[PDB]
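To start, the structure itself, in structure tokens.
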Amino acid sequence: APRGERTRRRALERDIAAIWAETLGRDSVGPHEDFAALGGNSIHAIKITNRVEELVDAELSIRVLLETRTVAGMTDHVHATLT
């Protein structure tokens, strides 16, 4: 039962990490790296969030990125909304 839900969530996490990496101009971003430690600013926060919203086809507060601050944290806070 939760093998499936772990697979579901890791797939989202992969995609969100790629959005962060592209936006922040890095080859990749780790699941637990802090947004600000990566040089993330308000412009990046908006772009990442806009793209994650297009990805899951749902509107999300910018607080979702800015209060979780990691790709894994954001994933979980989004994966919840969808569940």
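Naming scheme: A, B, ... for chains in displayed order of the structure tokens; residues 1 onward per chain; ligands 1 onward as shown.
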
Residues within 9 Å of residue A:71, please, as an mmCIF file with N, CA and C atoms, in the first residue's frame. Count only C-alpha atoms; anything in the same chain fewer than 2 positions from it doesn't count.
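The result, stored in part.cif:
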data_model
loop_
_atom_site.group_PDB
_atom_site.id
_atom_site.type_symbol
_atom_site.label_atom_id
_atom_site.label_comp_id
_atom_site.auth_asym_id
_atom_site.auth_seq_id
_atom_site.Cartn_x
_atom_site.Cartn_y
_atom_site.Cartn_z
ATOM 1 N N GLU A 13 8.783 14.871 -6.254
ATOM 2 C CA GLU A 13 9.998 15.454 -5.741
ATOM 3 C C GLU A 13 11.074 15.639 -6.828
ATOM 4 N N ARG A 14 11.239 14.633 -7.681
ATOM 5 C CA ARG A 14 12.147 14.683 -8.825
ATOM 6 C C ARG A 14 11.832 15.907 -9.682
ATOM 7 N N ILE A 16 9.966 18.633 -8.954
ATOM 8 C CA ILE A 16 10.158 19.906 -8.272
ATOM 9 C C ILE A 16 11.672 20.234 -8.197
ATOM 10 N N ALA A 17 12.517 19.245 -7.904
ATOM 11 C CA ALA A 17 13.944 19.506 -7.843
ATOM 12 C C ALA A 17 14.443 20.056 -9.191
ATOM 13 N N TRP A 20 13.534 23.776 -9.426
ATOM 14 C CA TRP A 20 14.493 24.548 -8.635
ATOM 15 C C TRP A 20 15.848 24.689 -9.343
ATOM 16 N N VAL A 29 19.794 20.121 -7.791
ATOM 17 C CA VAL A 29 19.574 20.591 -6.447
ATOM 18 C C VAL A 29 19.189 19.357 -5.604
ATOM 19 N N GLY A 30 19.824 19.223 -4.443
ATOM 20 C CA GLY A 30 19.482 18.137 -3.488
ATOM 21 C C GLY A 30 18.119 18.356 -2.755
ATOM 22 N N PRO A 31 17.462 17.267 -2.341
ATOM 23 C CA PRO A 31 16.153 17.360 -1.701
ATOM 24 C C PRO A 31 16.100 18.183 -0.387
ATOM 25 N N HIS A 32 17.223 18.315 0.329
ATOM 26 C CA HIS A 32 17.248 18.962 1.641
ATOM 27 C C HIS A 32 18.067 20.218 1.699
ATOM 28 N N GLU A 33 18.415 20.770 0.526
ATOM 29 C CA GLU A 33 19.203 22.008 0.502
ATOM 30 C C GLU A 33 18.335 23.214 0.716
ATOM 31 N N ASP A 34 18.751 24.132 1.584
ATOM 32 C CA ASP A 34 17.920 25.323 1.888
ATOM 33 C C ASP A 34 17.882 26.337 0.725
ATOM 34 N N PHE A 35 16.689 26.838 0.408
ATOM 35 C CA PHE A 35 16.415 27.751 -0.712
ATOM 36 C C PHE A 35 17.360 28.935 -0.719
ATOM 37 N N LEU A 65 6.726 27.330 -0.608
ATOM 38 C CA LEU A 65 8.185 27.311 -0.746
ATOM 39 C C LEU A 65 8.870 27.985 0.435
ATOM 40 N N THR A 68 8.694 26.047 3.853
ATOM 41 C CA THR A 68 9.281 24.714 3.906
ATOM 42 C C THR A 68 10.778 24.772 3.568
ATOM 43 N N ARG A 69 11.129 25.572 2.554
ATOM 44 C CA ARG A 69 12.490 25.940 2.188
ATOM 45 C C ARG A 69 13.365 24.838 1.590
ATOM 46 N N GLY A 73 10.610 19.240 1.501
ATOM 47 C CA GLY A 73 9.618 19.899 2.338
ATOM 48 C C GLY A 73 8.475 20.401 1.485
ATOM 49 N N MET A 74 8.806 21.073 0.384
ATOM 50 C CA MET A 74 7.807 21.613 -0.519
ATOM 51 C C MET A 74 7.001 20.520 -1.124
ATOM 52 N N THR A 75 7.684 19.455 -1.530
ATOM 53 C CA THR A 75 7.045 18.283 -2.115
ATOM 54 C C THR A 75 5.986 17.725 -1.171
ATOM 55 N N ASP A 76 6.380 17.548 0.073
ATOM 56 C CA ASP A 76 5.490 16.995 1.076
ATOM 57 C C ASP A 76 4.310 17.898 1.293
#

TODO: Based on DSSP run over this structure's backbone, return all residues of chain A in alpha helix (DSSP H), as JSON, numbers by chain.
DONE: {"A": [2, 3, 4, 5, 6, 7, 8, 9, 10, 11, 12, 13, 14, 15, 16, 17, 18, 19, 20, 21, 22, 23, 42, 43, 44, 45, 46, 47, 48, 49, 50, 51, 52, 53, 54, 55, 56, 63, 64, 65, 66, 67, 68, 71, 72, 73, 74, 75, 76, 77, 78, 79, 80, 81]}

Spatial neighbours of residue A:79, 9 Å, only C-alpha atoms, chain gap at least 6 places, as an MDAnalysis selection string
chainID A and resid 8:9 12

Go through A:55, A:43, A:48, A:36 and flag the residue nearest residue A:21, using only C-alpha atoms for the distances.
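For residue A:21, the nearest of the given residues is A:48.
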
* When you draw a straight line from atom CA of residue A:51 to atom CA of residue A:10, how long is it in Å? ->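 Straight-line distance from atom CA of residue A:51 to atom CA of residue A:10 works out to 17.6 Å.
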
- Would you please work out which residue, of A:52, A:24, A:18, A:1, is nearest to residue A:39 when using only C-alpha atoms?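 So, comparing all the options, the nearest one is A:24.
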
Report task. Pick out the closest residue to residue A:44 from this set: A:82, A:19, A:56, A:64. Count only C-alpha atoms. Result ->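 Smallest separation from residue A:44 among the options: A:19.
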
#### Entry: Which of A:53, A:40, A:66, A:28 sits closest to residue A:78 [using only C-alpha atoms]
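Of A:53, A:40, A:66, A:28, the one nearest residue A:78 is A:53, counting only C-alpha atoms.
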